[PDB]
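Q: based on what follows, work out the 3D shape:
(one chain, ligands or ions: 2)
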Amino acid sequence: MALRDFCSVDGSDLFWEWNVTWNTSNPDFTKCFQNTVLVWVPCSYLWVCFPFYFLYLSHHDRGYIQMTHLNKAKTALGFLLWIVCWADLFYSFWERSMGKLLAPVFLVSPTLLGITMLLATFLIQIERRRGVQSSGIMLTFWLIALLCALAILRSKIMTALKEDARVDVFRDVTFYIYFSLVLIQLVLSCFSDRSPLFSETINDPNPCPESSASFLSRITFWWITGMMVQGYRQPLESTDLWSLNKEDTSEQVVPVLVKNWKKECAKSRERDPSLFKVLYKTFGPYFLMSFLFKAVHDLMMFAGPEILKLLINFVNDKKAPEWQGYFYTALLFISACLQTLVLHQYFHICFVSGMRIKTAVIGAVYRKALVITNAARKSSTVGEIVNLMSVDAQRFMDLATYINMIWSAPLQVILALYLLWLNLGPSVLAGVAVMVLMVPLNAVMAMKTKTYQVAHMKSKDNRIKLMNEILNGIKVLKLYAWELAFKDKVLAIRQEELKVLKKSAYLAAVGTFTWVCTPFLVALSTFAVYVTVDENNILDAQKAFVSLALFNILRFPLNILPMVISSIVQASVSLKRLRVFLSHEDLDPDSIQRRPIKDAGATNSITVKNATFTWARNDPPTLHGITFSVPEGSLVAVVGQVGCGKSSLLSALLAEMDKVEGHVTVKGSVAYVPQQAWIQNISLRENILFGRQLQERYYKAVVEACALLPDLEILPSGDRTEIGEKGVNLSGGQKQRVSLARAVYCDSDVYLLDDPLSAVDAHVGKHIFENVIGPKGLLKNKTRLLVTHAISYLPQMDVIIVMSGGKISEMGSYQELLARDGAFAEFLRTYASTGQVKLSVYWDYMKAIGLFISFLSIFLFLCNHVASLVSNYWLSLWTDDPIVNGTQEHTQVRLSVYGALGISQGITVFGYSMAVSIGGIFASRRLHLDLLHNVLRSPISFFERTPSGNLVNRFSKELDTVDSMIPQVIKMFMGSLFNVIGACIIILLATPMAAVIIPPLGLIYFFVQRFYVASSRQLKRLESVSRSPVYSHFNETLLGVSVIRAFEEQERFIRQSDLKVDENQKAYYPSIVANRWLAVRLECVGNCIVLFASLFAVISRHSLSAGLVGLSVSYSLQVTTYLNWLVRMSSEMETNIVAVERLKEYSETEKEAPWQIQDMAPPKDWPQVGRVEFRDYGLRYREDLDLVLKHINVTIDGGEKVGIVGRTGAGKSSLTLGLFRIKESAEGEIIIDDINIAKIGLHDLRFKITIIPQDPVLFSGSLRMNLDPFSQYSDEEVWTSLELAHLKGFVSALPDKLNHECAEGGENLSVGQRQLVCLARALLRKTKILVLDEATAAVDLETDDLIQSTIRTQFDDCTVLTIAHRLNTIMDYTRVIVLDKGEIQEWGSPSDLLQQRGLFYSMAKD
Ligand SMILES: *[C@@H]1O[C@H](CO)[C@@H](O)[C@H](O)[C@H]1NC(C)=O
Ligand SMILES: *[C@@H]1O[C@H](CO)[C@@H](O)[C@H](O)[C@H]1NC(C)=O
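A: Residues are numbered from 1 along each chain as shown. Ligands and ions are numbered 1, 2, ... in the order given. The coordinates are given below.
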């Protein structure tokens, strides 16, 4: 009677009774339940949330806020609420003093309500003090209080409306005004007050809105709506992204990880420190909220099927009051909304934690790379140290979203199995077995398609390299007329790729069959066992449609669990890698005693006493007991035998090498120039200043003194000229010169130079020695350590040190070492001896597949979905069957028809997948054949104007995404779209008012994809573009760690790395928030759809059949996942289909003349005799430029040897290009053997003359293929050419006599042998006309002597119309035609040209 007497002294009003609360046409809570629970639940929530929230606020202060009107009103309303709450308490005390007996509840509930109201006021004050603008706890507390007070208000209004019930006017009016105040407090809690007075973000012009967004705007992610609208209205660039939150900046994230790791390493000082412990301690506090939210979402997920069971029971029962269904549908909608909010908060927390982990790891790795010892860095390679940011920190980034799965997915699986066992008996095993047996099948198939993928990509790389080689040699290919052979070879390689693609297509067909038809298979197995095991097993709507809704939510934790565990093991290997790197021994800072230049301890800037060093503890010491001192300002030299240890003394003095024993000290700033130059990917000028103020006078002085002024003239922009990506054109001497210039401009005290002169010749060498470093140099009043192998500059230098195998042989001035003649005696003697993609792109891709295959695929897909819909409707009918004599009739027929429909769906799914995949390979074949033909038919002009990068990208990446990506996107997009359509048609067929709700909610509010699609695509682009520079900077800083450490520039580079990481996160964060935004909106659409389906089912409960209701609600439960899939796949289609537009881009660019036109085929005159003819010819590179060739008229019979002579840009190479009409003759004409070659199809003539460039290119393949791709000539002719190429003996000396594969461009042969092979090809093709365009100056006087003697013996008969600037080889030619100014000067035999002392003789004298 504890609860019963607590109601009243007589215990008349019961605490809970279905008599009034549930089994009645008008529900209402009994007065005890109101006055106890409806007032204890909000008090309980506030008092349980205060401890944790106060602990969090004490650990999280955002400053201070003024007392504005809003907060003053909220405090005043809180105090008024407490006094009005104690009003009824005082009334009850007065009544008890009056003698009237009253219950304990009236004397306990108001007390707790008043104290919790005062608590709310106090916590609102402390929230103001601690700087929170929109309270989350208060909003939910007020919402709970308003809901409970609303229930009590409805009860009280109903009771008062009774014309016989007693009314307690005092308590009624007190509760009325309490309700009004609570409602106004809730409406005020939605607002936000002024920003904190300590808002340091005032300087920041573009802060992240999340810092100052309301709680409602924060759970719905509304604050990114402006960004997503703008991203569709106009393009988004990096200038528009918001600044990061202070808690996300690397300057606030990296130090905590660094400090925690240092603390644990110190603790371990045995047992190796564990990076997992540090990462956990550092990032778990913000990650446990993820566990809480995930648990809440997992629990709320199962509230769907149970409420569906209740709704089905309500529809079947026709004696239950109508409001029960409305209660159920409201409950379902509320649960779905809460679940979506909680899940997306969980995802946000996980993603932000991953972002922070990535930032911290990148920063810690960067800061460690600058202090790792030389042995540690030399253990690994720079490409593997960079991978610590490239892959090893992205794995931690992505695992944060999957780590929680390891406990959530088993929980979901066990809950689903338990509910299935409760709902449908042990026959659930028949479906869980099919689902568990499915995952080994798809894992095996994934491996079997991974092997096919790698096998196809390895075969595709052959074509890709063949492309990268052929386009590089397009001119010679066009010039020989060999394009058909290479077209055929590429086509064969494409055929191999397409076979592999067909096999992968079969695999993908079976895979999508499994993925689509697994739920039907599970349902069939379960229902078959359940109904066949026992006759009394009756399939009802709550057994079938509750089981399916639970099978769907058991599907996901099983299908994604193997991926999660694989990701965990990969992250384990990642963490071991990072732990090994971060545990490396670091340089001992105090081994090198640095002291300020102001110290007057002694007049020597460098001192050393018995110092020995080594690059590793175990390795033997290199420098042995050196002891020397360098007086301040002296110019000291260290010269000795190479490899004897002179080149390591500077590095030892820079603290690079471990100091085993000794005592050395260096004063002042240190400037260092290493032997291997370090150059950044920035402008030459910025590289020279190395981050200092530009003093124009001093900068000019150092650049002119360092002899850089002639160098900046060659490159376009001068000092402003950016070095580009890793030295666009900088040579070794240029690199050393700019490094030295940076060293001088730094203006340090001691200068350690590791032979900056080595890669520089003597002339400008001695120039810079005199101007910058020597006794007359720029820094002649500084301390300089020189290690160099030069002799002539040694005498000027003050005191000289000679090394011997890591020991100090002797030191002194140069006169003294002349006198004693010690080590330097031998040294001188021996050593010195956009918008939306057009629909026409989709249409032309559909044509590329084939309209027949496309129609077949669409027909099969529609058949699949009609089969599935009819199957679900048939299941509904089966569950609608009656119970007669304890058993259901028609059981066998229902089961058989269900099975038949399912197998029809399965075979149809398999068919449509195979059809679309085969059509995809068909399209991939035709598109590539067309692209190749169009490119190979285009003129050379298009080849020079279009950078080769675009063509290789078009052939590799666009073709790859067309072959592999888009056919699968078609699968998934069609699946999602028609799943959504099927759900909608089911819903609106069961209840046609769904047709009313769908327009104002489906189409209109589904234009939220118009913004996400436009904006996320831009944001991911920015993310990748900003992701690359972080790794670029890490590599660039790893290359030059010693230089940075010498100049004391560690802070600058750490700050730059921080900026690069922050710029990448600036684009990464909006992408995550955008995903959350779209997910919230789409799941809101789905929740509303399920609400309306259930609500119209409740309205039409008297006409629906209790099986249609379950079907509609079950499909509505899936609508949300289908919508998310559809939007994501629509975006992934839009951003990826443009590859088809790109692959057909050159389908209309102007092509060459018709290759082979057979209407006027010529006779077999051939060029043999070597005739040359021109009739007022004229050619020009591009018609807007100047005519390089003007009015050439000549007609000479064959059998002659004429060379062509001219000055720079005279018209020689243009004539060579115009010989084979490779450029269309604007004016004039050329006729050979009475054939107008300017008209006939160029293939019909290009094979019937010959030409060879300066360096004729070879190809990756057999020497037989290079000599003849058609291989029509007999191998005896091959050997003929080889002997006339002076190679038969050498070629036979190769392992393969005739088919020895030759590398690209003749790499398998030396450059001299390469030109020998080019001569070999030239002769081998049975040729007449040959040319050496500038080749005379690039070939040594022995091999070109061979080629000349061949023109005397082999091309004695052949006609050579060449251009040799070293025409001394061709003076013996019968005649020479001299041309200049783009026109013919004169002609004749070389004799009278010599005697006339003319222009030709003027170049002859040169
Ligand atoms: C609900 O209340 C009374 C209380 O005894 C119960 O006997 C009866 O079944 C119900 N009476 C109504 C609805 O009048
Ligand atoms: C529920 O309400 C009906 C109608 O008043 C009544 O006949 C029935 O006895 C009640 N059944 C239960 C279990 O409360």
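Q: can you pull the domain assignment for this structure?
A: Under the assignment automatic domain parsing, the domains of the chain span 2-198, 434-538+837-990, 589-831, 1154-1250+1329-1406, 1255-1326.
Q: what about the first one, start to end distance?
A: Think domain 2-198. Distance between the two ends of domain 2-198: 54 Å, counting by C-alpha to C-alpha, to the nearest Å.
Q: roughly how far is that domain from the heart of the chain?
A: Here domain 2-198 shows a centroid-to-chain-centroid distance of 53 Å under the convention C-alpha atoms, centre = their mean, to the nearest Å.
Q: next: the shortest one.
A: Centroid separation between domain 1255-1326 and its chain, computed with C-alpha atoms, centre = their mean, is 45 Å.
Q: and it, how far apart are its ends?
A: Domain 1255-1326 has its terminal residues 19 Å apart, counting by C-alpha to C-alpha.
Q: quick one: buried residues of the helix or strand where residue 176 lies?
A: Under the criterion of DSSP states H and E, residue 176 resides in helix 169-189. The neighbour-count criterion (16 or more other C-beta atoms under 10 Å) identifies 171, 174-175, 178-179, 181-183, 185-186, 189 as the buried residues of helix 169-189. All C-beta atoms are positioned from the backbone trio N, CA, C, and that covers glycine.
Q: I'd like to know which of those is nearest to residue 1214.
A: For the buried residues of helix 169-189, the minimum distance to residue 1214 (C-beta to C-beta) is 81.9 Å, reached by residue 189.
Q: distance check, the nearest residue to the closest one once chain neighbours are set aside against residue 28.
A: Nearest-residue entry for residue 189: residue 139, 4.7 Å, with adjacent residues in sequence omitted and distances by C-beta to C-beta, 6 or more residues apart in numbering. Counting by C-beta to C-beta, to the nearest Å, the separation of residue 139 from residue 28 is 28 Å.
Q: tell me who's in contact with residue 936.
A: If you count contacts by C-beta atoms under 8 Å, 6 or more residues apart in numbering, residue 936 has them with 483, 486-487.
Q: buried members of those into PyMOL, please.
A: Of the contacts of residue 936, the buried ones go into a single PyMOL selection, burial set by 16+ other C-beta under 10 Å:
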select buried, resi 483+486+487
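Q: residue 1370: which of the contacts of residue 936 is nearest?
A: Of all the contacts of residue 936, the one sitting nearest residue 1370 is residue 483; the distance, using C-beta to C-beta, is 31.7 Å.
Q: hang on, the closest one packs against residue 476?
A: No - the pair residue 483 and residue 476 fails to qualify as a contact (C-beta atoms under 8 Å) at a distance of 11.1 Å.
Q: quick one, helices of the stretch 501-650 of the chain?
A: 541-559, 561-582, 649-653 (DSSP state H, counting those that start in this stretch).
Q: between those, which one is nearest to residue 1220?
A: Put simply, out of the helices of the stretch 501-650 of the chain the one that sits nearest residue 1220 is helix 561-582, at 56.8 Å, with distance taken as C-beta to C-beta.
Q: doesn't residue 671 belong to a helix?
A: No - Residue 671 is assigned strand when assessed by DSSP: H, G, I helix; E, B strand; the rest coil, not a helix.
Q: what residue lies at the spatial centre of this structure?
A: Centroid-nearest residue in the chain: residue 1024, 4.7 Å away (criterion: C-alpha atoms, centre = their mean).
Q: buried residues, whichever strand or helix holds that residue. List them.
A: Secondary-structure assignment from DSSP H and E places residue 1024 in helix 1009-1039. Under the neighbour-count criterion of 16+ other C-beta under 10 Å, helix 1009-1039 has 1009, 1011-1020, 1022-1023, 1026-1027, 1029-1031, 1033-1038 buried.
Q: ok so, going back, could you single out the most deeply buried of the helices of the stretch 501-650 of the chain?
A: Mean neighbour counts were compared across the helices of the stretch 501-650 of the chain using mean count of other C-beta atoms under 10 Å; the top stretch is helix 649-653, at a mean of 24.
Q: residue 162: neighbour count?
A: Burial of residue 162 is recorded as 9 neighbouring residues (other C-beta atoms under 10 Å).
Q: ramachandran coordinates for it?
A: Here the main-chain torsion angles of residue 162 (degrees, to the nearest 10) amount to phi -60, psi 130.
Q: can you check residue 897 too?
A: As for residue 897, its main-chain torsions (degrees, to the nearest 10) stand at phi -70, psi -40.
Q: that one against residue 875, yeah?
A: No - when contacts are counted by C-beta under 8 Å, residue 897 is not listed as touching residue 875 (9.9 Å).
Q: neighbour count for those two, which is higher?
A: The residue with the greater number of neighbours, taking residue 897 and residue 875 and applying other C-beta under 10 Å, is residue 875; the counts read 26 against 17.
Q: residue contacts, the more buried one?
A: 523, 544, 898, 1107, 1111.
Q: returning to what we had before: tabulate the helices of the stretch 501-650 of the chain (CSV), appending distance to residue 1378.
A: Conversion of the helices of the stretch 501-650 of the chain to CSV gives the following (distance: least, C-beta to C-beta, whole Å):
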stretch, distance to residue 1378
helix 541-559, 80
helix 561-582, 68
helix 649-653, 59
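Q: closest one to residue 369 among the ones you listed?
A: Each of the helices of the stretch 501-650 of the chain was scored for nearness to residue 369 using C-beta to C-beta, and the closest is helix 561-582 (8.5 Å).
Q: can you dump the C-alpha coordinates of the closest one into PDB?
A: Extracted C-alpha coordinates of helix 561-582, given in PDB (Å, rounded to 0.1, in the frame of the first residue of the first chain):
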ATOM      1  CA  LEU A 561      31.400  -6.500 -40.300                       C
ATOM      2  CA  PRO A 562      34.200  -8.100 -42.500                       C
ATOM      3  CA  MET A 563      35.100  -4.700 -43.900                       C
ATOM      4  CA  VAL A 564      35.300  -3.300 -40.400                       C
ATOM      5  CA  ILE A 565      37.600  -6.000 -39.200                       C
ATOM      6  CA  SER A 566      39.800  -5.700 -42.200                       C
ATOM      7  CA  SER A 567      40.000  -2.000 -41.700                       C
ATOM      8  CA  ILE A 568      41.000  -2.600 -38.000                       C
ATOM      9  CA  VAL A 569      43.900  -4.900 -39.000                       C
ATOM     10  CA  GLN A 570      45.100  -2.400 -41.600                       C
ATOM     11  CA  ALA A 571      45.000   0.300 -38.900                       C
ATOM     12  CA  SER A 572      47.000  -2.000 -36.600                       C
ATOM     13  CA  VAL A 573      49.800  -2.300 -39.100                       C
ATOM     14  CA  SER A 574      49.500   1.500 -39.600                       C
ATOM     15  CA  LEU A 575      49.800   2.200 -35.800                       C
ATOM     16  CA  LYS A 576      52.900  -0.100 -35.600                       C
ATOM     17  CA  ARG A 577      54.500   1.900 -38.400                       C
ATOM     18  CA  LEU A 578      53.800   5.300 -36.800                       C
ATOM     19  CA  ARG A 579      54.900   4.000 -33.400                       C
ATOM     20  CA  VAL A 580      58.200   2.700 -34.800                       C
ATOM     21  CA  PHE A 581      58.800   6.100 -36.600                       C
ATOM     22  CA  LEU A 582      57.900   8.200 -33.600                       C
END
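Q: give me the neighbour count for residue 1234.
A: Under the neighbour criterion other C-beta under 10 Å, residue 1234 is assigned a count of 9.
Q: next up, phi/psi of it, please.
A: Summarising the backbone geometry of residue 1234 under the convention degrees, to the nearest 10, its torsions are phi 60, psi 70.
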